[PDB]
Amino acid sequence: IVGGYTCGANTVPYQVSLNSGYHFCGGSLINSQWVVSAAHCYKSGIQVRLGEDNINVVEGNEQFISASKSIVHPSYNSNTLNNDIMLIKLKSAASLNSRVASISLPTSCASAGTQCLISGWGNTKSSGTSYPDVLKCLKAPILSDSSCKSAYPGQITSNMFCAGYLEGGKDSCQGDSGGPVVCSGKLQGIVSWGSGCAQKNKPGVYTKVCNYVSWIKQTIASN
Ligand SMILES: [Ca+2]
Ligand SMILES: [Zn+2]
């Protein structure tokens, strides 16, 4: 997260760190056995780390569970990043408490202007790479589709939305990928892509979760 702030330990109880010997992507806990992340975060050997704040120190509250299966959306296109969503089933269910809680899926999409909370342990430099030890947060608004499409002509599909600041200086970045964009307590987006990080007129693009709720429900129901 570039230009964000330190969230505070366990103040984002649904945030998970996907780990394969290091933190490589974020994710959101939606029930005790499933996590939603981005399809471009897929790889094998994923350990899901819950209740984290400092990812390099065991402080207490952490639960490390292996992923039993990862389901990348069948229509995921890695060149356009359309349908950039993935579901991860945990080998065992997590013990939910106040430090580890799930987030609700939306019932309707969010409007432009809605303020959301984005978090993660991704890069904090637009120019350079610095990865934090503790979770960073950023409050950002969903932009209008015209501003989004004008920023990325021909690359925005109906399954994407832009959120952020056109003046630059504040955005999600590499590492935050797969993590949550929560608006009014509902998971509305997944950190997906953008040109660089925090560059002027290049807001972050997110997967539009409201378009995948039936898919998520049917898939979880059959697995
Ligand atoms: Ca830790
Ligand atoms: Zn990414």
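Structure notes:
Listed here are the residues, each with its yes/no results for (1) of a type in the set (A, V, I, L, M); (2) within 16 Å of ligand 2 (Cβ to nearest atom); (3) in contact with a helix residue (DSSP H, G or I) (Cβ under 6 Å, 6 or more places away or on another chain); (4) not in a loop (DSSP other than H, G, I, E, B).
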position	(1), (2), (3), (4)
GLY26	no, yes, no, yes
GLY45	no, no, no, no
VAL48	yes, no, no, yes
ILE55	yes, no, no, no
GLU59	no, no, no, no
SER68	no, no, no, yes
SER75	no, no, no, no
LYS89	no, no, no, yes
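- Filtered residues of region 152-169 (kept if buried (at least 17 other Cβ atoms within 10 Å of the Cβ) and charged (D, E, K, R)): none
- Counting only residues that are in a strand (DSSP E or B) and within 13 Å of ligand 2 (Cβ to nearest atom), region 155-180 holds 1 of them.
- Within region 8-19, considering residues that are part of a loop (DSSP other than H, G, I, E, B) and touching a strand residue (DSSP E or B) at 6+ places or on another chain (Cβ under 7 Å), the one nearest to ligand 1 (Cβ to nearest atom): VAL12
- Within region 181-195, tally of residues that are among the small types (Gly, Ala, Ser) and assigned to a strand (DSSP E or B): 2
Quick grid of which residues meet (1) farther than 21 Å from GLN174 by Cα; (2) surrounded by fewer than 17 Cβ atoms within 10 Å (Cβ to Cβ); (3) within 16 Å of ligand 1 (Cβ to nearest atom); (4) of a type in the set (A, V, I, L, M):
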{"residue": "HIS23", "(1), (2), (3), (4)": "no, no, yes, no"}
{"residue": "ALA39", "(1), (2), (3), (4)": "no, no, no, yes"}
{"residue": "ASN61", "(1), (2), (3), (4)": "yes, yes, yes, no"}
{"residue": "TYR76", "(1), (2), (3), (4)": "no, no, no, no"}
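- Filter pass, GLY178 being touching a residue at least 24 places away in the same chain (Cβ under 8 Å) and crowded, with 24+ Cβ neighbours inside 10 Å: yes
- Candidates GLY189, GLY185, filtered to the one that is in the same structural domain as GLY3 (by CATH) and more than 23 Å from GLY3 (Cβ to Cβ): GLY185
- Checking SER172, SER192 one by one, the residue that is closer than 14 Å to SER37 by Cα, surrounded by 24 or more Cβ atoms within 10 Å (Cβ to Cβ) and not aliphatic (A, V, I, L, M) is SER192 and no other.
- Only one entry of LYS139, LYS200, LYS149 meets the criterion of being closer than 25 Å to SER75 by Cβ, free of Cβ contacts under 8 Å to residues at least 40 places away in the same chain and surrounded by fewer than 17 Cβ atoms within 10 Å (Cβ to Cβ), and that entry is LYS149.
- Scanning region 130-148 for residues that are of a type in the set (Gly, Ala, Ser) and not in a loop (DSSP other than H, G, I, E, B) yields a total of 3.
- Verdict on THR114 being touching a residue at least 60 places away in the same chain (Cβ under 8 Å), in contact with a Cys (Cβ under 9 Å, 6 or more places away or on another chain) and either within 15 Å of ligand 1 (Cβ to nearest atom) or of a type in the set (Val, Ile, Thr) (or both): yes
- Selection within region 55-100 - in contact (Cβ under 8 Å) with a residue 40 or more places away in the chain, among the hydroxyl-bearing types (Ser, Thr, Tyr) and under 27 Å from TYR152 (Cβ atoms): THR80
Every residue, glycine among them, receives a Cβ derived from its backbone with ideal geometry; neighbour counts consider all protein chains shown. The values are calculated or read from the model by the stated rules, or taken from the named source; no laboratory instrument gave them.
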